[PDB]
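For reference, work37.cif is printed below; it contains mmCIF, C-alpha atoms.
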data_model
#
loop_
_atom_site.label_atom_id
_atom_site.label_comp_id
_atom_site.auth_asym_id
_atom_site.auth_seq_id
_atom_site.Cartn_x
_atom_site.Cartn_y
_atom_site.Cartn_z
CA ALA E 7 7.07 -19.71 -0.04
CA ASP E 8 7.84 -16.65 2.07
CA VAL E 9 5.85 -14.43 -0.32
CA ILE E 10 2.60 -15.97 0.93
CA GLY E 11 0.85 -13.82 3.52
CA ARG E 12 2.14 -10.47 2.22
CA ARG E 13 -0.15 -7.57 1.34
CA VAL E 14 0.08 -5.86 -2.06
CA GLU E 15 -1.68 -3.01 -3.87
CA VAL E 16 -3.03 -3.42 -7.41
CA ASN E 17 -5.18 -0.85 -9.23
CA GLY E 18 -5.45 1.04 -5.94
CA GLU E 19 -7.04 -1.96 -4.18
CA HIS E 20 -5.36 -3.94 -1.40
CA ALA E 21 -5.03 -7.71 -1.73
CA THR E 22 -3.20 -10.63 -0.13
CA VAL E 23 -1.13 -13.33 -1.81
CA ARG E 24 -2.12 -16.94 -1.14
CA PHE E 25 -0.28 -18.97 -3.81
CA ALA E 26 2.88 -18.59 -5.90
CA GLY E 27 3.37 -21.06 -8.73
CA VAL E 28 2.17 -22.27 -12.10
CA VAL E 29 -1.56 -21.94 -12.79
CA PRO E 30 -2.51 -23.96 -15.90
CA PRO E 31 -3.73 -23.93 -18.60
CA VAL E 32 -2.07 -20.53 -19.14
CA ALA E 33 1.58 -21.37 -18.52
CA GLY E 34 4.10 -18.96 -17.03
CA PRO E 35 4.56 -17.47 -13.57
CA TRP E 36 1.47 -16.45 -11.62
CA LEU E 37 0.72 -15.10 -8.14
CA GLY E 38 -2.78 -15.62 -6.76
CA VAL E 39 -4.36 -12.69 -4.93
CA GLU E 40 -7.42 -12.12 -2.74
CA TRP E 41 -9.16 -8.81 -3.38
CA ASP E 42 -10.77 -7.25 -0.32
CA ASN E 43 -13.79 -6.28 -2.45
CA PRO E 44 -15.35 -9.49 -3.85
CA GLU E 45 -17.09 -7.45 -6.56
CA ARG E 46 -13.81 -7.26 -8.50
CA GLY E 47 -12.96 -10.95 -8.08
CA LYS E 48 -14.01 -13.75 -10.41
CA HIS E 49 -13.65 -17.13 -8.64
CA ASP E 50 -13.13 -18.59 -5.18
CA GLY E 51 -9.55 -19.54 -6.09
CA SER E 52 -9.64 -22.87 -7.89
CA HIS E 53 -9.68 -23.25 -11.67
CA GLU E 54 -10.42 -26.28 -13.86
CA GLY E 55 -10.71 -28.42 -10.73
CA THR E 56 -7.16 -27.70 -9.53
CA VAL E 57 -7.62 -26.10 -6.10
CA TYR E 58 -4.67 -23.76 -5.55
CA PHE E 59 -5.92 -21.67 -2.61
CA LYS E 60 -9.19 -21.19 -0.74
CA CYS E 61 -10.89 -17.94 0.21
CA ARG E 62 -13.76 -16.69 2.37
CA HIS E 63 -15.93 -15.77 -0.64
CA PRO E 64 -17.13 -17.70 -3.72
CA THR E 65 -16.03 -14.75 -5.93
CA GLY E 66 -12.93 -13.19 -4.39
CA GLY E 67 -9.67 -14.24 -6.01
CA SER E 68 -7.68 -13.91 -9.23
CA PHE E 69 -4.20 -14.43 -10.67
CA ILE E 70 -1.72 -11.65 -11.48
CA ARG E 71 1.71 -11.77 -13.10
CA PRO E 72 4.80 -11.02 -10.98
CA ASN E 73 5.58 -7.69 -12.66
CA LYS E 74 1.93 -6.60 -12.21
CA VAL E 75 2.13 -6.68 -8.38
CA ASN E 76 3.54 -3.91 -6.17
CA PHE E 77 4.62 -4.86 -2.65
CA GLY E 78 5.08 -1.24 -1.54
CA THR E 79 7.83 0.65 0.26
CA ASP E 80 8.55 1.23 3.96
CA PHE E 81 8.15 4.14 6.40
CA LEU E 82 11.32 6.15 5.71
CA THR E 83 11.01 6.03 1.92
CA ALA E 84 7.31 6.88 2.17
CA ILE E 85 8.03 9.92 4.35
CA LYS E 86 10.77 11.00 1.94
CA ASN E 87 8.51 10.69 -1.11
CA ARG E 88 5.68 12.53 0.67
#
Would you mind writing the file out in structure tokens?
Amino acid sequence: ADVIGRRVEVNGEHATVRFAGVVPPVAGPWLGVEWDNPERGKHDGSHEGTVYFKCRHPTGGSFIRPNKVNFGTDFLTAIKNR
């Protein structure tokens, strides 16, 4: 529940999480995202009628597996790595 509202970076593009749960028909864990660029998206958020999360674009939202999402580091670690 606390994961909602956090920004992540996938494929170099920034996105925001809006739903964390099961997204049928494909079982398994899933984390909905909202790509800033709607050109990369595919749907508004719903799928097969089940409305999981809404967005401000008819084609700006997808689902990514947990391991395929990077939340990022903080300031000190970033400065150290740079």
Please enclose the listed atoms of segment 40-52 of chain E in an axis-aligned box, pad each side by 6 Å, and write out the centre and the three edge lengths in Å, rounded to one decimal, as AutoDock Vina command-line options.
--center_x -12.3 --center_y -14.6 --center_z -5.4 --size_x 21.7 --size_y 28.6 --size_z 22.1
Which residues would end up in the selection if the PyMOL selection byres ((chain E and resi 53) around 12) were applied here, given that I need the answer as a PDB file with C-alpha atoms, in the coordinates of the input?
ATOM      1  CA  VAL E  28       2.170 -22.270 -12.100  1.00  0.00           C
ATOM      2  CA  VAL E  29      -1.560 -21.940 -12.790  1.00  0.00           C
ATOM      3  CA  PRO E  30      -2.510 -23.960 -15.900  1.00  0.00           C
ATOM      4  CA  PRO E  31      -3.730 -23.930 -18.600  1.00  0.00           C
ATOM      5  CA  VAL E  32      -2.070 -20.530 -19.140  1.00  0.00           C
ATOM      6  CA  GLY E  38      -2.780 -15.620  -6.760  1.00  0.00           C
ATOM      7  CA  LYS E  48     -14.010 -13.750 -10.410  1.00  0.00           C
ATOM      8  CA  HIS E  49     -13.650 -17.130  -8.640  1.00  0.00           C
ATOM      9  CA  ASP E  50     -13.130 -18.590  -5.180  1.00  0.00           C
ATOM     10  CA  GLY E  51      -9.550 -19.540  -6.090  1.00  0.00           C
ATOM     11  CA  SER E  52      -9.640 -22.870  -7.890  1.00  0.00           C
ATOM     12  CA  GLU E  54     -10.420 -26.280 -13.860  1.00  0.00           C
ATOM     13  CA  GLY E  55     -10.710 -28.420 -10.730  1.00  0.00           C
ATOM     14  CA  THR E  56      -7.160 -27.700  -9.530  1.00  0.00           C
ATOM     15  CA  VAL E  57      -7.620 -26.100  -6.100  1.00  0.00           C
ATOM     16  CA  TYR E  58      -4.670 -23.760  -5.550  1.00  0.00           C
ATOM     17  CA  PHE E  59      -5.920 -21.670  -2.610  1.00  0.00           C
ATOM     18  CA  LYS E  60      -9.190 -21.190  -0.740  1.00  0.00           C
ATOM     19  CA  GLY E  67      -9.670 -14.240  -6.010  1.00  0.00           C
ATOM     20  CA  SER E  68      -7.680 -13.910  -9.230  1.00  0.00           C
ATOM     21  CA  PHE E  69      -4.200 -14.430 -10.670  1.00  0.00           C
TER      22      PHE E  69
END
- Task: May I ask for the distance between atom CA of residue 66 of chain E and atom CA of residue 25 of chain E, given in Å to one decimal place?
- Result: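 Answer for the atom CA of residue 66 of chain E to atom CA of residue 25 of chain E separation: 13.9 Å.
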- Name every residue that the PyMOL selection byres ((chain E and resi 74-87) around 12) selects in this structure, writing the answer as a ChimeraX atom specification with chains first and numbers rising. /E:9-23,35-39,69-73,88
- Message: Could you tell me how far atom CA of residue 24 of chain E sits from atom CA of residue 63 of chain E, in Å to one decimal place?
- Response: 13.9 Å
